[PDB]
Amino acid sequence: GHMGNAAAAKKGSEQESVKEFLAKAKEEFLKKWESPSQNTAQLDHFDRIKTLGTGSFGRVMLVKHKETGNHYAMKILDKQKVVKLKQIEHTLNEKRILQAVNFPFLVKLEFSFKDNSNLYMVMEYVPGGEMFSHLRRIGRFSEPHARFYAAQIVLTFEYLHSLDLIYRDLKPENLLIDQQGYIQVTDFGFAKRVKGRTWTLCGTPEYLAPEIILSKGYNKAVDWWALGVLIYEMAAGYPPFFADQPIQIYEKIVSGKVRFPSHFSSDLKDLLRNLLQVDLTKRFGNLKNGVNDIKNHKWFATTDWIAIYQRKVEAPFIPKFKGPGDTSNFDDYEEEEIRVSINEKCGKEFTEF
């Protein structure tokens, strides 16, 4: 067989230990999911420094906690805009998830609170910037560099999926690089507890699985498809399916055809053909052997999964870091005042926040 006695025993034991870890992590998650936290700070506890990123949700700002001096990333959501954009459930769910999960590559929620106008999620500041920026600047990542990041996503999805959480918005834009060069996943607005199937059309066109495009009931296998897209984009510098307009991207995604750069290793192409598999009955991560089909693939043969989890692997790339509160790895955004209001807005809708 492919493994002799010592290697087979070691691999079997490792896989059983993962089961044991995940069972404990599920217990801990469900305890926090049922007995959460709330209203753990207020706005005038922080100095607002600079906008790190924006969206239709609102903005994320670097802030400095006055009493302690620690820097954080504060997501500010305007309640009225959240309601107008029909994102009430997503916003409440994001906070509930962030409050309950615990994993080394999932951003930590340090505080949350609300006022008459806004909702506030105060997360760890992740100073290395978006993977997206580094990828576009460097062009592409080497296969070892891509593999280092990919391994962290595999472990993170193994964790989330054990909790019955589907992530649904993997892309380099949503992956931050911390001071040690490791990944932080931050955005959980589209994540959903799904033990079986779900049906919402959501995600980013280049990263959508065919079964989402085709309006099917779908499951956690869409995250493994998106992993394939991410690995491809990290290693090529561009995603596998692109076009001027989303409908053309969707035609390519559902076609069953993907092309690879000549510099892709055969191991990489084989992994990607098995992740970017249109047929659900054949896609890695969705078979009887689950995540082990991915973790045991030849392209990951050099990956020490425990050492990645323990953050003991030397990262291929360390972002520039001039000190606490250094924002140089983020873009510049027009700064806008955060107006509260003497009148409570949307109190009923956000009672649970």
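Rigid core (definition): largest C-alpha set, two forms, superposition within 1.5 Å. Numbers for residues come from their place in the sequence shown, where the first is 1.
After superposing on the rigid core, the larger RMS C-alpha deviation in 8 other deposited structures of this protein belongs to 52 to 60, the other candidate being whichever of 312 to 320 and 52 to 60 remains.
For the two regions 120 to 128 and 264 to 272, the entry's Cα B-factors average higher over 120 to 128. Comparing 306 to 314 with 34 to 42, the stretch with the higher mean C-alpha B-factor in the PDB entry is 34 to 42.
Taking the deposited Cα B-factors for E251, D169, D78, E94, the highest one is held by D78. Listed residues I183, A209, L98, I247 were ranked by CA B-factor as deposited; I247 comes out on top. In the PDB entry, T281 places in the highest third of its chain by CA B-factor.
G256: CA B factor lies in the highest third for its chain, per the PDB record. When the modelled residues of the chain are ordered by C-alpha B-factor, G203 sits in the middle third.
Sort the modelled residues of the chain by CA B factor and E143 lands in the lowest third.
Per the deposited record, the Cα B-factor of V194 falls in the highest third when ranked against the other modelled residues of its chain.
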